[PDB]
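First, one chain by itself: the form deposited in one PDB entry, in structure tokens.
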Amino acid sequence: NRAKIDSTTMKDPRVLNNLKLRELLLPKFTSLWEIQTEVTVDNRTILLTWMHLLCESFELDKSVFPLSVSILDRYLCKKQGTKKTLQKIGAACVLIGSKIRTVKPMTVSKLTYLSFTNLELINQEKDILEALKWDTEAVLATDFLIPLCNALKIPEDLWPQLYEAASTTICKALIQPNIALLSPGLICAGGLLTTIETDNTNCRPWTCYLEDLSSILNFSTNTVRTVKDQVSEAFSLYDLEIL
């Protein structure tokens, strides 16, 4: 399928500025799934890796998962979730998210034949829409990938691999619960640095960026440094066995 190349009018001007601005649109979850009375963090991690796998195996676009994660949580603030149901929920999320962020959607059949009725699923999808009041789309960690590379002056020639290599790690990371407390901006920065530290690939010592990113994103250098660690950890804890 034809795949989007650069577009300076979407990759080189004051856009972090709005990404940031729009980042500040949805308040930080003080405590992940704070309102849950039956399903737990542990339950989320497990489900999230089953979703991560859903997208990776079916090759959806990179910004699908991070959005399905986003949907799921925003959804699981308002309404309540049950283990006997989580499977369904999580599946709904992806469905919506793929419809949005990906050209090749995740058909329901192909998502039920992997679990509930292909109809009770449609419902759960709907139940998520009106609940979230059709306000689904959001700022993903992923949206900062190029803009951040742009601002850091990372030479265009590498953007392809960097984007690909980092977008990947940010996705697994997103599986973990400690990461859901962080801002998409930071998570992205963390994952870039993390990734950058795997075959220099012609990039400066990750070091050099930490201070710029502090200036770029506007955070204490310490915070940047921490999130790099944090992200590189959730990236590690990825484990298919948990299923």
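Shifts are known only where both forms have a C-alpha. Numbering starts at 1 and runs along the sequence shown. By rigid core we mean the largest C-alpha set that fits within 1.5 Å across both forms.
Here the subject shifts to the form deposited in another entry, a form of this protein not shown in this document.
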Review point. Against the rigid core, is the Cα displacement of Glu23 between the shown form and the other one at least 2 Å?
Key: no
Study note, to complete from the structure: Evidently the Cα separation of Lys11 and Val94 changes by 3 Å or more in that other deposited form, so the atoms lie farther
Check your understanding: How does the CA gap of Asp143 and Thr9 change in that other deposited form versus this form, closer or farther, if it moves 3 angstroms or more?
Key -> closer
Revision key, fill the gap. In terms of 2 Å or greater CA shifts after rigid core superposition, the runs of three or more consecutive residues between the shown form and the other one are 1 to 13
